[PDB]
Amino acid sequence: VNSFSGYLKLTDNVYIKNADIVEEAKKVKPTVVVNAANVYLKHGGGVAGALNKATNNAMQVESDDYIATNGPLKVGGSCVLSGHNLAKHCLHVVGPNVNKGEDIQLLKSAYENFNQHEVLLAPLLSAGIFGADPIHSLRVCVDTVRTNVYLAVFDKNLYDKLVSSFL
Ligand SMILES: O=C(O)[C@H]1CN(c2ncnc3[nH]c4ccccc4c23)CC12CCC2
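Analysis parameters
- Residues numbered from 1 in each chain as written, not as in the entry; some residues may be left out.
- Heavy atoms only, no water.
- Near = heavy atom within 4 Å.
- Polar contact = N/O pair within 3.5 Å; in protein donor to acceptor, adjacent residues only side chain to side chain.
- Areas by Shrake-Rupley, 256 points an atom, 1.4 Å probe, with all protein chains shown as cover.
- Helix = DSSP H or I, 4+ residues; strand = E, 2+ residues; numbered from the N terminus.
- Nonpolar A, V, L, I, M, F, W, Y, C, P; charged D, E, K, R; others polar.

Its PDB record attributes the structure to X-ray crystallography, giving the resolution as 1.0500 Å.

Within the PDB entry, the label attached to the protein chain reads Non-structural protein 3, and the organism entered is Severe acute respiratory syndrome coronavirus 2.

Whenever I open this one, the site of the ligand confuses me. Can you help?
The local shell around the ligand holds 13 residues, among which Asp20, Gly46, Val47, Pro123 and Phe154 are the closest. Within the contact set of the ligand, a nitrogen atom lies 3.2 Å away from a backbone nitrogen or oxygen of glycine 46. Within the backbone of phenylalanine 154, one N or O atom sits 2.8 Å away from an oxygen atom of the ligand. With the chains in place, 81% of the 480 Å² that the ligand exposes on its own is no longer accessible. At the level of secondary structure, the elements contributing two or more residues to the shell around the ligand comprise α1 (21-28), α2 (46-54) and β7 (148-153). Per-element tally for the shell around the ligand: the top contributor is α2, with 3 residues. Here the shell around the ligand is composed, by residue class, of 10 nonpolar, 1 polar and 2 charged.

Right, dumping it as structure tokens:
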């Protein structure tokens, strides 16, 4: 038993809710919140900009030190950093950005990072400003992630389309 509430169950291990991931994280304080990161950990907009804003820019400060030490992530890769006031940990995961011409096949590799964590609160990778089809992103999630994932979908219209079209 965990504290996630109001989710629709899609599969044995995947759950989905129309929710603002920032508000959801503030309420649950999950062990892991997933950020929709880019390789530079520049948290300007989308989910990343919202999560970083909620930490009063502490996420960005930590991220800049990480990059200065380690260099950029790979597309499809991840790193574990602090969750600040939102979660114990933040798993920064880089899905391919279609608006940068990155290979969508890398979306499966991005989701594989979730399997290193027993339970996660997450957005749909590569959705939103990353330019992929969220229905496709949900399909890859269900077909790749084996650990327990609670997906937060900000847009109500999109949430209903994702549920109604789910196979
Ligand atoms: O579900 C989805 O449809 C997308 C929505 N996105 C976002 N994109 C741009 N700015 C944003 N600010 C936010 C503040 C709080 C929560 C989400 C966002 C967000 C990201 C997304 C959450 C799952 C992937």
